[PDB]
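What follows is one chain in structure tokens, specifically the form deposited in one PDB entry.
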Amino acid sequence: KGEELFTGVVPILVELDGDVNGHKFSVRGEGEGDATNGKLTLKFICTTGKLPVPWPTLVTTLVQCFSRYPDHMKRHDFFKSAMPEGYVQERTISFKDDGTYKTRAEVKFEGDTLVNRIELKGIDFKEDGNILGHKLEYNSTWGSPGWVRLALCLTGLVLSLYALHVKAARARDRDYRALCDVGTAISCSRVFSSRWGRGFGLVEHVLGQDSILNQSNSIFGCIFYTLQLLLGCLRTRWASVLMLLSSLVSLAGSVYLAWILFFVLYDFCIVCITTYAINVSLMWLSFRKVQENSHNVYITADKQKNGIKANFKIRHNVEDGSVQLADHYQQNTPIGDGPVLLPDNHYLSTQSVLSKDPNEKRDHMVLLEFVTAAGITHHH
């Protein structure tokens, strides 16, 4: 019956009393929620002055009853079924190599308003870590790619440019010797100028040799490493998936060319092995990156407490291009004694957009959120 209260837009009040390493603070948020579209719109203000932690670390703590459950999943919506009596949501949030938040909140209807009242205690944070030191990005669209990605892409670029220089000197001068041409046993310019050194050897078979796509592999390389470095500076999803696909094609071509270098050409190419290692590293970084941009809350039932349990990882962007992991363990227990929906295993998909209000001089955070339930299973 609790679902009836969520057709339409519902006003939202959030109140948090917090203590992090002895620094006491309070947050109040106000807004509205539209469960039909899984849309939350809220504004949060630190009422005690300045927040002692970065705002992104409080997003998960600061109303999953506003998630959109598709029709075929209606009976797996524990959060709405607990209303109006509400539920207790308790969490432990472990920041990797740093402190811990412990939160207890009551989410319930007071009059017409959905109210989330939170108590938060943070402990064991280091004063110059990413949290207390405020080293996390807020909502930057252009940011750092990290010195690992910069090193990989710049090295790959230098190697591609060098291979271009070698090809442009050998085709000009037959007797030219590159640095990676050592004696008569080791030769890189012989590898570059083979049929596989252009279009990976397979563009001439499919598009013909006349094609503009039948370029030297180092052209694909300059474009690839420049593209990887550029997309590493972005924070959206399309940059991430594009990164994954491009690094996957790059990995396939690199494995093929590695099979050609040995076993077929039987040559020693030092720049080639270097590039292979680069492309493996960028493959790993891209796979990891796709893992890191997905906020998915994994929900299972708890029949002992007649509630639910949830596990998920959140990764906050650090200003230097690295990531800060925050492990989330969650449990929800109904406040009343009426019946609730004990769901099958599923997950919630969440997209958050943080912003600033130019007419708010208090330390604050404007939050827009879209949450939809998915991945329903009868299993586990």
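Here the rigid core means the biggest group of C-alpha atoms that line up within 1.5 Å when the two forms are laid on top of each other. Residues carry their position along the shown sequence, with the first being 1.
Not on display, but discussed next: the form deposited in another entry.
Among the candidates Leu152, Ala178, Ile93, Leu132, displacement between this form and the one not shown reaches 2 angstroms at the C-alpha for one position only, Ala178 (superposition on the rigid core). A movement of the C-alpha atom of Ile299 falling short of 2 angstroms is seen between this form and the one not shown when the two forms are aligned on their rigid core. If you fit the rigid core between this form and the one not shown, you'll see the Cα of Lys309 move by less than 2 angstroms.
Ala105 shows a C-alpha shift below 2 Å between this form and the one not shown [criterion: core-superposed Cα displacement of 2 Å].
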